[PDB]
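A short write-up of the structure that comes next.
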Ligand SMILES: CC(=O)O[C@@]12CO[C@@H]1C[C@H](O)[C@@]1(C)C(=O)[C@H](O)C3=C(C)[C@@H](OC(=O)[C@H](O)[C@@H](NC(=O)CBr)c4ccccc4)C[C@@](O)([C@@H](OC(=O)c4ccccc4)[C@H]21)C3(C)C
Ligand SMILES: Nc1nc2c(ncn2[C@@H]2O[C@H](COP(=O)(O)OP(=O)(O)OP(=O)(O)O)[C@@H](O)[C@H]2O)c(=O)[nH]1
Ligand SMILES: Nc1nc2c(ncn2[C@@H]2O[C@H](COP(=O)(O)OP(=O)(O)O)[C@@H](O)[C@H]2O)c(=O)[nH]1
Ligand SMILES: [Mg+2]
Ligand SMILES: [Mg+2]
């Protein structure tokens, strides 16, 4: 029961999915061949990790996941990689021609040729679930597949699965590792098209992860591997409540109840601590107080914005490792006296706390030090709208000249889809202003 | 109260079914509108290229006449 | 994989085409006999883009050699790498073009174009997923100018959803004496604006000035000029031939470089460039943005950049490359349009060229390219003013209106580049 299906779309989604499933196997003691010596339930079971792994008769624990990309070279690395025996070939779906950084090609010209096959494979995973809870969709904003194909999939998923929950991990574009000038276009197009089909979306700003890797890990020029290994730790913290059980464990859906006050306001701000190198961790044992204080340092946010200049509508703390409530409550009490935390007047000001006792782990040969305790804060702040504003401004600069629009029109799109998507973003920015105004 | 309980859950079913239905129709309209637009652009491209082919035959026909 | 079909037409096209296949065969470890003798698996990872794999583990260029006279193609066959080409892909006539665009486009070229299309289809049908075509030719002659643009329009009829890319050599009186070259160039550019997706402008005036002024070559030969083209052509195709993230295919390159369909004429550049009788990341960057290193006779500080692609080759600090690329953009922000944010993309390839340890290739879409077209337009209108040499073209069936329309279309191209150079955000 309570199974979750993961769907990794495009290069970013696939490569982040690689880091997540590797980290999941290490956390659960699953070997690269899928065997799990600790699991005495052979062929099945209702353990907490069974929400993310199915089980075969031969004792193989298979990710409940689909990998889809419109070109094959990235998923080909999964097919021949270390964890190639983890997945069945039917879970790794590829085309031959990618979307060329063009939302229109991912949503229409190329994506429509493979969408039925993708839904068929997703249906095959769903049929093995006794009580499917929903989907987790990993994709980039900037790519043609991550933007165009994802929105097509999300539209199709609403039709085939009704109101079944759909969560996103979305990769927000950054100039340091950007590959296309039209990434602001694809971002606005896919945000508008997916908005009504997503229940909750965790944006991950590549520039924020880039800075964290440079500043906190002393990495001169971070690679995707550097970024993805950090992103997987944050994804792990968020899904840990689904994959482990405990007395103090709080289900992600229960955090979701607090995080989403209106359907469109469903973009939580994530903050993760501690991100520290092995050299710096060797001296320091970072306490509950220290990692909690770090959650309110804006330099540790997954999206660059200033919460001090916004208002809070929710604040959740997801602890993992050697953490007891006594120390959490003491650390929160110190935070509330020394930190600028202003809530809107229409919601309570408490912090919702969850604790997973399973300590975090790291992939061998990584840069993150192995720590005894960690925490991911999920907050709903109006300040995250600053991320939309930066994208909308770049959209406006290009669209006023209709720059690159001919590539989209040539694939069948109309200018009206651009203006319609941009007005939806304007309304969304306006929605974030209104929810922060005091009542009367 | 029993009839109100049945009207609530009937409303929930009707709302979900209406969301599915309207999402299915909007998507079918977008894919059809996109298919027509892209085909129309490819048609205009070929018609311009075929206008160049007839012009190349009028040039060859014009050279033959002046002999 | 994602196959490109290569076509070379005319004397110049087959000349720079042969040099292109030698430089990249060396980089991929392919010998003149088609066998692989390299030492890195990165050489074979994307070899299918430009090479077929035949029996005996041989690698055959996916190339088609076209000319209206056998002279240039016989020298290619008996050249250094002549044995590597597929003998069935040699399509040549006998009559010749006589440096007449009308003969290449309408009469002698149209007589041979169907024979060229037959071998195009054979190569394209054998493609897992054809991405498009690249054509090497000159605009000043007859075969490459006239029949090259004819091949472009005929291929675009059968592959309308594929990318059409050209390496077009612009005529200059510093290199060629033929007087009707401004006519052939203007008639060809009229076709390239409509039927190609991206064109590298290989200006012979720039190649001469680089050889003369920079390289201290007193008497530049065609071998000298083509030496620069091969270094440039190797550079601008590195992203298509080796594993990479940026501009890895022709369509992604077009989406990054072409903000408006008609403005698809790129200004290529290379660094370093110094005479034989005479390096850091900051110096590579400054040189690659310098007018003296551009393969088009255009000063980029006379216009503004719409888009730029910069490829660094060799072992170097990526952190330093990122800093220097941000540095040159911030210090020269006036020369980049503010309404296209983040319009400079940078790639790094580990494997350097043969002779150098570090190099840089520059691909720029600059409104200063209008200086190149204004030069061709000025030479065109100086002859069309007095109706000079028109009888070579009317004798093939052409009317004066075609010349007027080609002159108006290129004048409009100049106005477009000026319109977007003057565009502002606020
Ligand atoms: C390219 C390059 O750097 O050119 C200059 C020119 O300014 C550069 C700066 C150099 O340092 C200088 C000066 C050399 O001193 C060097 O000793 C040296 C190299 C590295 C040779 O080039 C190589 O070996 C490369 O790997 C090369 N492949 C070929 O060129 C063989 Br087709 C390549 C480059 C880029 C991509 C793929 C392949 C060329 C050269 O003759 C010399 O150029 C010329 O005299 C020349 C004359 C006319 C036109 C063009 C060049 C050279 C020689 C002398 C052999
Ligand atoms: N964090 C992270 N970001 C990535 C990764 N790969 C790509 N990106 C980002 O994703 C954006 C580019 O989109 P991609 O996912 O690579 O493109 P795609 O989804 O495969 O779509 P197409 O290739 O155009 O068909 C850029 O902003 C990249 O920085 C990754 O592995 N990790
Ligand atoms: N850079 C370069 N330019 C050339 C070469 N051969 C010819 N050209 C130029 O091309 C123009 C003549 O075109 P040509 O190739 O002879 O025409 P075609 O063979 O009939 O198609 C002149 O402007 C020459 O300067 C070459 O090998 N290298
Ligand atoms: Mg991709
Ligand atoms: Mg000649």
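As a convention, Cβ positions derive from the backbone with ideal geometry for all residues, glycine included, and neighbour counts pool all protein chains shown. Any read-out appearing in this document is the output of simple, stated calculations on the displayed coordinates, not a laboratory observation.
Going from the residue with the fewest nearby Cβ atoms within 10 Å to the one with the most, A:139, A:197 rank A:197, A:139. Where the centroid of each part is defined by its Cα atoms, how far is segment A:123-159 from segment A:379-440 in Å? If we compute the Cα centre of each part, the gap is 23 Å. From the Kirkwood radius over Cα pairs of the protein assembly as shown, Stokes-Einstein at 4 °C and 1.567 mPa s returns a whole-number translational diffusion coefficient of 43 µm²/s.
Using the empirical formula 2.2 N^0.38 Å as the baseline, the Cα radius of gyration of segment A:301-364 reaches a ratio of 1.33. Beta-bridge orientation, segment C:3-265: approximately 15 percent antiparallel, per DSSP, counting only bridges with both partners inside. What does DSSP give for the protein assembly as shown in terms of the percent of beta bridges that are antiparallel, rounded to the nearest 5? Expressed as a percentage, antiparallel bridges in the protein assembly as shown total about 40.
In whole Å and largest first, what semi-axes does the C-alpha gyration tensor of segment A:50-99 yield when each eigenvalue is scaled by 5 and square-rooted?
Values: eigenvalues 110, 26, 11 Å².
They are 23, 11, 7 Å, listed largest first.
For B:22, A:302, C:316, the sequence from fewest to most other C-beta atoms within 10 Å is B:22, C:316, A:302. Once segment C:264-318 is represented by equal point scatterers at the alpha-carbon sites, with solvent omitted, what log10 I(q)/I(0) does the Debye formula produce at q = 0.13, 0.16, 0.21 Å⁻¹? Values, matching the q order: -0.37, -0.55, -0.89. The Cα center of segment C:194-224 and the Cα center of segment A:191-259 differ in position by 52 Å.
Would you work out the relative contact order for segment A:1-71, in percent, from Cα pairs under 8 angstrom that are 6 or more residues apart? Before the final figure, lay out the partial values.
Details: 87 pairs, mean separation 30.7, N = 71.
That works out to 43 percent.
Using bins of 20 Å that start at zero, the share of Cα-Cα pairs per bin across chain A amounts to 26, 60, 14, 0, in whole %.
In units of the rule-of-thumb radius 2.2 N^0.38 Å, segment C:296-426 shows an alpha carbon radius of gyration of 1.46.
The tail of the calculated P(r) for segment A:3-259 beyond 35 Å holds 10 percent of all Cα-Cα pairs. The alpha carbon centroids of segment C:120-146 and segment A:299-341 are separated by 61 Å. Largest first, the three principal axis extents of the alpha carbons in segment A:378-417 are 41, 19, 14 Å in whole numbers.
Its Kirkwood hydrodynamic radius, worked out from the mean inverse distance over all distinct Cα pairs, puts segment A:159-252 at 15.6 Å.
So what is the relative contact order of segment A:269-386, in percent, for Cα pairs below 8 Å that sit 6 or more residues apart?
Working: 219 pairs, mean separation 53.0, N = 118.
The normalised contact order for segment A:269-386 reaches 45 percent.
Stretching the chain fully between residue A:77 and residue A:308 yields a gain of 78.9 nm (0.36 nm per residue, less the alpha carbon separation).
Treat segment A:340-433 as a sphere of radius equal to its Kirkwood radius over Cα pairs and apply Stokes-Einstein at 37 °C in a medium of 0.692 mPa s; give the translational diffusion coefficient in µm²/s, rounded to a whole number. Write down the numbers at each step before the final one.
Values: Rh = 18.1 Å.
Approximately 182 µm²/s, per Stokes-Einstein.
Translational D (Stokes-Einstein, µm²/s) of segment A:248-325 at 37 °C and 0.692 mPa s when Rh comes from the Kirkwood sum over C-alpha pairs? Diffusion coefficient, whole number: 226 µm²/s. Please compute P(r) over all alpha-carbon pairs of chain B, binned at 10 Å starting from zero, and give each bin as a whole-number percent. Reading upward from the zero bin: 16, 17, 15, 14, 12, 9, 7, 5, 3, 1. Which whole-number percentage describes the relative contact order of chain A, with Cα contacts under 8 Å and a sequence gap of 6 or more? Across chain A, relative contact order equals 16 percent. Here, P(r) means the percent of Cα pairs in each 5 Å bin from 0 to the largest distance; for segment A:12-94 it is 3, 15, 29, 25, 15, 10, 4, 1.
On the principal axes of its alpha carbon atoms, segment C:266-369 extends 38, 30, 20 Å, with the longest extent given first. Over the Cα atoms of segment C:141-217, each weighted equally, I'd like the Debye log10 I(q)/I(0) at q = 0.12, 0.22 Å⁻¹, rounded to two decimals. Those come out to -0.39, -0.98, one per q.
Across all directions, the average projected area of the convex hull around the alpha carbons of segment A:269-386 is 7.7 nm². For segment A:51-191, the Cα-based Rg and Dmax, in that order, read 15.5, 49 Å.
What share of the DSSP beta bridges in segment C:266-369 is antiparallel, in percent to the nearest 5? Working shown, then result.
Numbers: 15 of 22 bridges.
Approximately 70 percent, going by the DSSP bridge assignments.
On alpha carbon coordinates alone, what is the Rg over Rh value for segment A:195-331, Rh being the Kirkwood radius? Display every interim value, and only then the final one.
On the way: Rg = 15.6 Å, Rh = 16.4 Å.
Using only Cα positions, Rg/Rh for segment A:195-331 is 0.95.
Neighbour counts of other Cβ atoms within 10 Å put C:88, A:69 in the fewest-to-most order C:88, A:69. Expressed per residue, the C-alpha convex hull volume of segment C:1-91 stands at 85 Å³. Computed on chain C, the Cα convex hull volume stands at 138 Å³ per residue.
Note on residue A:389/residue B:12: beta-carbon distance plugged into 1/(1 + (r/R0)^6) with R0 of 56 Å gives a FRET efficiency of 0.95.
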